[PDB]
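Participant: Before I ask anything, here is the structure I am working with.
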Amino acid sequence: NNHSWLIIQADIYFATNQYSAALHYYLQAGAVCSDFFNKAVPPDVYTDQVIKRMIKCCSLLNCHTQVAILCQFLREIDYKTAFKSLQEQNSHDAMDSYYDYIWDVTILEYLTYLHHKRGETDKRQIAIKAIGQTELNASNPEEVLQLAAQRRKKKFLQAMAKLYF
Amino acid sequence: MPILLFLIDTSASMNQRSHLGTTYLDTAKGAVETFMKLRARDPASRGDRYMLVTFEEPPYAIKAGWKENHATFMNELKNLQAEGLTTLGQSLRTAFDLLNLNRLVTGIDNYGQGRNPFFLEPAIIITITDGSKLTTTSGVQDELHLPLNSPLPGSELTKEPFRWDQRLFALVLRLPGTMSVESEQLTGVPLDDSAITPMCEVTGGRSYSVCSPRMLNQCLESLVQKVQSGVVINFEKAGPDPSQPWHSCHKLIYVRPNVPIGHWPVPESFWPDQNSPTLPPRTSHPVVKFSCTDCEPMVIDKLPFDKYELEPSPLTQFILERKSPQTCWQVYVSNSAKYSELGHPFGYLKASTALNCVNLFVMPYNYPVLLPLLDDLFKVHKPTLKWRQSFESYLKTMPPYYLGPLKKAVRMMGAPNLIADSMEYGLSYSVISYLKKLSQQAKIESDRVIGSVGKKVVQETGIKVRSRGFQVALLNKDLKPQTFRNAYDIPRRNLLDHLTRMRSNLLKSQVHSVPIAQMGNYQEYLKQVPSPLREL
C-alpha cells in the first residue's frame, strides 16, 4: 500500500508496453491515496503525467470512451486526444454505458455530433439525454458542477477498479 | 425594409435543460417567436424580412433566406434540431455571405464612388447561443476566427465580412439548471464574456448574457428597440481634448426615409487615381475623425445637405454635456485628400437646438472653402473669372466622386450649366470592368445560393459496415410505407388484418395523419365544401 512504489511499478510496466498492468497499478496507487476513490485523489499522485499515461494505456487497449473520460481528469481538459479517441470505431469498453461518467458538455456535444454523423440514433439520444441534465448545465453555480464532476470521478474510478482488479 | 437574420445555435450543447425544464434550443425558438410578437407590436414592421441560419453544413446552414415566406420560416424554425458542433465562425461567415451576396449585383456598396449612407439595406443578425466552447471536429478553439477560404467574388474590397449597415447581436443563454434567487436582476443586462462579444462589438452591436426568463424578456425588448435603419460609423478623436470612452465609438447614425434621400457621400479613405488597377480595400465602418476644436455651422439657402441623427452613445452624451448648440465639431476621414493625410472636413457634428440629439451634417468635401465661395457667387452674381480660378482651385482638391453629386446639387440649386456640369472622368477603366464582372459573378452566386436554400439538400445516412462498401439501412423519417402497393412493407404482426383490409380495398366491398397545422383548417375545409343557402 505504498503509493509511490505502486506508481514506480506502474511506470515500469508502462515502459515495457504492459498497459493493462500499468493501469492496474496506477489505479492501485489511486485507491491507496484515497479510500478506494471515496476521496479525491491528491494531485501530487495523479499528476498530469500519471493521468496522461493512464490515457495512453487506455488508448492502446482500445478503450476509447475511457480515454475520453480520463482526458477530463487533467487540469485542462485535453479535447484533442478525447476527440481523436472518440472517433475510433474499434472500442472494447461498453461505449454508451460510460456516458454517465462524462460531466463536460463539450465532450458530450462532440459525442452527439459524432453519433448523428454516423447515424447512431440510439447513442445520439443517449448523449442528448446526458446533455439534458440540470446538474450538467454549464451555467450551474460552480459548486454543483464541481460536485457532479467529483461524483462522476468517484463512480468512474471505482468502475475502473472493478474492471482492472 | 429591415432584414432580421437569426443565427440560431444548433450545436448539441444547446440541448441543456434549464430550470424551466426545456432545452436551450426551445428557449431559442421561443425567444424568436416572442421577438417577432414584440416586433409586430410596432406597426412599422408591415414589411420585414426574416432569415434563418443554423450551425449546420453550408448546404444545410441557410434555412430561410431571400424569397422565403413567413410560413416556411416558421415551419423551419420549429423543426430545428441541436445535433451539430459549435462552428460559430463558419456560421457567421455564411450569415454575412447571405446578407452580402446581392450587394455587388445591385450596387448598394457604391465602390470607389463615395460611401452613401442612404445606400443601405439595414440588417441585423441576432445570434442566439450559449457560452459553450467553439468546436471544429478537431478540438476547442477558445477564440472566434471567421474563416476566409472560399471568398465570394468582390469580398476583398471591404476586408471585413460584415458591412456598413449590419450589426451582430448575441443573445447568450446562460440559464442555470437550478433557479437562482436574485433581486438585482432588474438592473441592466451585463455584456457577455464569450468569443462572440468582441465580434458583436466590432460591428456596432453588443452581446446579451441572460440568466432568467425575465432577463430574456428584457433583452428581447432591448433588441426590438435596436431594429433601426442606419449605418455604423467609427468616430475617432483627432486632436486633443476640448483615454476617456468617448474617444472611440462604433456608433450608429440614423437614415430616415421619406426610400431614403441624400446627396453627399462619406468620402473614401483614399484618393482615387486612374493609374491604380485595383480599388483599395476600405474598412466596413468608415473611420471618421472629429475635430474637438469648436467651429461654426455653415449653411446657405436652398442647399442640398443631409442631416443624420446619431444614436445615443458616450460621444453624444459628451457633446450634449458641453451644452453649446451654436457651435459644431468638424469631422473628416483620414487620407482622403490628394496630398494631406489628415484630410479636409466633409462635415460637422452639431447638437440640436433643443439639446436633444446630436446630428451629423454631411457636406461637400471641403465646405469651409466652397460654401463661402458658392454663397459669394449666388449672393453677388454670371460667374467671374476671378471666382472661377478660385473655383478651379477648389475642384483641384475635390475628390472625383464628388463631381456627380456637386453637379446635381448645383443643377437643382439654380446654376445648371456650371463648370461642374462639364465632363466626369471618375475611376479607372480596369476598375469599372472589374466591377461589372463582379456584378455578373454576383448574379451567378445570387441565383446559385437562392436556388439551393430549399428542396436542394436531402440527407441520407448509412451504417457503413467495416471490413474488420456494404452498409446497413436506417429507419428513414420519410419512409412512406406503401403497404397497399408493396407487400414487403407489411409487418408480420398485423399481416392478416392488413391482408383482409387489402382484400376489402381491392374488391367492391395513412389517412387521418394530417400534420397538425392543417388538421384544423377552418377556412380551407369550408372553401372546398359547398356553400349552403342563406337565411330568410
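Chain labels run A, B, ... following the order of the C-alpha cells; each chain numbers its residues from 1, and ligands are numbered from 1 in the order shown.
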Check every residue of chain B for an atom within 6 Å of chain A, counting only C-alpha atoms, and provide those that qualify as a ChimeraX atom specification.
Facilitator: /B:12-13,15-17,83-84,139,174,176-177
Participant: List the spatial neighbours of segment 154-161 of chain A as a PyMOL selection string - criterion: any atom at most 6 Å away, only C-alpha atoms, same-chain residues fewer than 3 positions off excluded.
Facilitator: chain A and resi 37+101+151+164-165
Participant: Let me make sure I understand: among B:102, B:234, B:185, B:75, which one has the smallest atom-to-atom distance to residue 448 of chain B if we use only C-alpha atoms?
Facilitator: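 That would be B:102, the residue with the smallest distance to residue 448 of chain B.
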Participant: My list of candidates is B:147, B:21, B:277, B:204. Which is closest to residue 433 of chain B when distances are computed with only C-alpha atoms?
Facilitator: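 For residue 433 of chain B, the nearest of the given residues is B:277.
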Participant: So which bits of segment 285-392 of chain B end up strand (DSSP E) when you DSSP the backbone, as a ChimeraX atom specification?
Facilitator: /B:287-295,306-310,328-333,347-351,358-362
Participant: Please save C-alpha atoms of the selected residues as an mmCIF file, in the first residue's frame.
Facilitator:
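File written: result02.cif
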data_model
loop_
_atom_site.group_PDB
_atom_site.id
_atom_site.type_symbol
_atom_site.label_atom_id
_atom_site.label_comp_id
_atom_site.auth_asym_id
_atom_site.auth_seq_id
_atom_site.Cartn_x
_atom_site.Cartn_y
_atom_site.Cartn_z
ATOM 1 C CA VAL B 287 -13.153 55.801 -39.649
ATOM 2 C CA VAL B 288 -14.169 59.435 -39.303
ATOM 3 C CA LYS B 289 -12.216 61.775 -37.041
ATOM 4 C CA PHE B 290 -13.968 64.695 -35.385
ATOM 5 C CA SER B 291 -12.138 67.909 -34.552
ATOM 6 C CA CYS B 292 -12.574 68.749 -30.877
ATOM 7 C CA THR B 293 -11.933 72.438 -31.593
ATOM 8 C CA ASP B 294 -15.132 74.460 -31.782
ATOM 9 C CA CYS B 295 -16.273 75.747 -35.177
ATOM 10 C CA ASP B 306 -28.043 65.652 -45.368
ATOM 11 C CA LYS B 307 -28.575 65.559 -41.603
ATOM 12 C CA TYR B 308 -28.125 62.219 -39.831
ATOM 13 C CA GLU B 309 -29.097 61.834 -36.186
ATOM 14 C CA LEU B 310 -26.605 59.866 -34.123
ATOM 15 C CA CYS B 328 -20.067 72.390 -34.149
ATOM 16 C CA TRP B 329 -17.295 69.793 -34.296
ATOM 17 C CA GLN B 330 -15.814 69.352 -37.770
ATOM 18 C CA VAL B 331 -15.357 65.766 -38.930
ATOM 19 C CA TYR B 332 -13.217 64.228 -41.667
ATOM 20 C CA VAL B 333 -11.787 60.900 -42.759
ATOM 21 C CA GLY B 347 -18.967 67.761 -42.347
ATOM 22 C CA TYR B 348 -19.559 68.769 -38.764
ATOM 23 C CA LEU B 349 -21.203 67.355 -35.647
ATOM 24 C CA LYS B 350 -23.785 69.823 -34.336
ATOM 25 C CA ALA B 351 -26.002 69.278 -31.320
ATOM 26 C CA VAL B 358 -26.521 65.167 -31.995
ATOM 27 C CA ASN B 359 -26.832 65.401 -35.780
ATOM 28 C CA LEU B 360 -24.110 64.548 -38.282
ATOM 29 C CA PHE B 361 -24.301 67.013 -41.172
ATOM 30 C CA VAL B 362 -22.538 65.763 -44.287
#
Participant: For residue 76 of chain A, which residue out of A:60, A:41, A:145, A:51 is the nearest one, using only C-alpha atoms?
Facilitator: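 For residue 76 of chain A, the nearest of the given residues is A:51.
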Participant: Within 9 Å of residue 57 of chain B, counting only C-alpha atoms, which residues qualify if same-chain residues fewer than 4 places away don't, as a PDB file with N, CA, C and O atoms, in the first residue's frame?
Facilitator:
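Result written to out_15.pdb:
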ATOM      1  N   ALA B  61     -27.061  25.044 -43.996  1.00  0.00           N
ATOM      2  CA  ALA B  61     -26.971  26.078 -42.970  1.00  0.00           C
ATOM      3  C   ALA B  61     -28.073  27.117 -43.123  1.00  0.00           C
ATOM      4  O   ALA B  61     -28.745  27.470 -42.147  1.00  0.00           O
ATOM      5  N   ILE B  62     -28.281  27.613 -44.337  1.00  0.00           N
ATOM      6  CA  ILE B  62     -29.304  28.624 -44.574  1.00  0.00           C
ATOM      7  C   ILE B  62     -30.650  27.916 -44.648  1.00  0.00           C
ATOM      8  O   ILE B  62     -30.919  27.165 -45.587  1.00  0.00           O
ATOM      9  N   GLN B  90     -17.729  29.687 -39.010  1.00  0.00           N
ATOM     10  CA  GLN B  90     -18.250  29.304 -40.318  1.00  0.00           C
ATOM     11  C   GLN B  90     -19.695  29.749 -40.489  1.00  0.00           C
ATOM     12  O   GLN B  90     -20.084  30.219 -41.564  1.00  0.00           O
ATOM     13  N   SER B  91     -20.499  29.626 -39.432  1.00  0.00           N
ATOM     14  CA  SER B  91     -21.891  30.053 -39.499  1.00  0.00           C
ATOM     15  C   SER B  91     -22.001  31.564 -39.640  1.00  0.00           C
ATOM     16  O   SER B  91     -22.867  32.061 -40.367  1.00  0.00           O
TER      17      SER B  91
END
Participant: Write down as a count of residues only the residues of chain A whose backbone DSSP state falls under alpha helix (DSSP H).
Facilitator: 102
Participant: Just give me the gap between atom CA of residue 163 of chain A and atom CA of residue 56 of chain A in Å, one decimal is fine.
Facilitator: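 Distance between the two atoms: 17.2 Å.
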Participant: For residue 428 of chain B, which residue among B:278, B:138, B:510, B:212 is the nearest when counting only C-alpha atoms?
Facilitator: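 Result for the nearest residue to residue 428 of chain B: B:278.
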Participant: Could you state the separation of atom CA of residue 528 of chain B and atom CA of residue 511 of chain B in Å, given to one decimal place?
Facilitator: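 We find that atom CA of residue 528 of chain B and atom CA of residue 511 of chain B lie 18.1 Å from each other.
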Participant: Could you name the residues that touch residue 71 of chain B at 12 Å or less, counting only C-alpha atoms, but leaving out those on the same chain fewer than 5 positions away, as a list in words?
Facilitator: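 Selected residues are residues 50, 51, 64, 76, 77, 78 and 517 of chain B.
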Participant: Of the candidates A:86, A:21, A:6, A:149, which one gets nearest to residue 100 of chain A if we count only C-alpha atoms?
Facilitator: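 Smallest separation from residue 100 of chain A among the options: A:149.
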Participant: Need the shell around segment 378-391 of chain B: protein/DNA/RNA residues with any atom at most 10 Å away, counting only C-alpha atoms. Skip same-chain ones fewer than 2 positions apart. Format as a JSON list (two decimals) with N, CA and C atoms, in the first residue's frame?
Facilitator:
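File produced: part08.json:
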[["chain", "number", "residue", "atom", "x", "y", "z"],
["B", 300, "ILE", "N", -26.11, 77.57, -46.19],
["B", 300, "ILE", "CA", -26.65, 78.61, -47.05],
["B", 300, "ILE", "C", -28.01, 78.15, -47.57],
["B", 301, "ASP", "N", -28.69, 79.06, -48.26],
["B", 301, "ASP", "CA", -30.06, 78.83, -48.68],
["B", 301, "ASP", "C", -30.14, 77.85, -49.84],
["B", 369, "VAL", "N", -14.38, 76.13, -47.71],
["B", 369, "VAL", "CA", -13.84, 76.86, -48.86],
["B", 369, "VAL", "C", -14.78, 76.86, -50.04],
["B", 370, "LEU", "N", -15.84, 76.05, -50.03],
["B", 370, "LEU", "CA", -16.81, 76.06, -51.11],
["B", 370, "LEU", "C", -18.06, 76.85, -50.76],
["B", 372, "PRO", "N", -18.53, 79.45, -48.57],
["B", 372, "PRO", "CA", -18.35, 80.91, -48.75],
["B", 372, "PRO", "C", -18.18, 81.30, -50.20],
["B", 373, "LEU", "N", -17.49, 80.49, -50.99],
["B", 373, "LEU", "CA", -17.26, 80.79, -52.40],
["B", 373, "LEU", "C", -18.56, 80.69, -53.22],
["B", 374, "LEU", "N", -19.28, 79.58, -53.08],
["B", 374, "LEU", "CA", -20.53, 79.41, -53.81],
["B", 374, "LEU", "C", -21.60, 80.36, -53.30],
["B", 375, "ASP", "N", -21.61, 80.63, -51.99],
["B", 375, "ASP", "CA", -22.52, 81.62, -51.43],
["B", 375, "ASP", "C", -22.19, 83.02, -51.93],
["B", 376, "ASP", "N", -20.90, 83.31, -52.12],
["B", 376, "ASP", "CA", -20.49, 84.59, -52.67],
["B", 376, "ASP", "C", -21.00, 84.77, -54.09],
["B", 393, "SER", "N", -9.47, 76.10, -58.13],
["B", 393, "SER", "CA", -8.60, 75.73, -57.01],
["B", 393, "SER", "C", -9.31, 74.79, -56.04],
["B", 394, "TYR", "N", -10.62, 74.97, -55.86],
["B", 394, "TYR", "CA", -11.38, 74.03, -55.05],
["B", 394, "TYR", "C", -11.54, 72.69, -55.76],
["B", 395, "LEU", "N", -11.82, 72.71, -57.07],
["B", 395, "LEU", "CA", -12.01, 71.48, -57.81],
["B", 395, "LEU", "C", -10.71, 70.70, -57.98],
["B", 396, "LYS", "N", -9.56, 71.35, -57.80],
["B", 396, "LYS", "CA", -8.29, 70.63, -57.82],
["B", 396, "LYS", "C", -8.10, 69.78, -56.57],
["B", 413, "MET", "N", -29.89, 73.72, -57.58],
["B", 413, "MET", "CA", -29.76, 74.98, -56.86],
["B", 413, "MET", "C", -30.19, 76.17, -57.71],
["B", 414, "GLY", "N", -29.90, 76.14, -59.01],
["B", 414, "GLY", "CA", -30.25, 77.24, -59.89],
["B", 414, "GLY", "C", -29.17, 77.62, -60.88],
["B", 415, "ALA", "N", -28.06, 76.88, -60.90],
["B", 415, "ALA", "CA", -26.96, 77.10, -61.84],
["B", 415, "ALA", "C", -26.70, 75.79, -62.58],
["B", 418, "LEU", "N", -22.98, 75.07, -64.98],
["B", 418, "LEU", "CA", -21.77, 75.47, -64.27],
["B", 418, "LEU", "C", -20.63, 74.56, -64.72],
["B", 419, "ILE", "N", -19.41, 74.84, -64.24],
["B", 419, "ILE", "CA", -18.23, 74.05, -64.60],
["B", 419, "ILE", "C", -18.37, 72.61, -64.14],
["B", 420, "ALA", "N", -19.08, 72.39, -63.02],
["B", 420, "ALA", "CA", -19.32, 71.04, -62.52],
["B", 420, "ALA", "C", -20.15, 70.20, -63.48]]
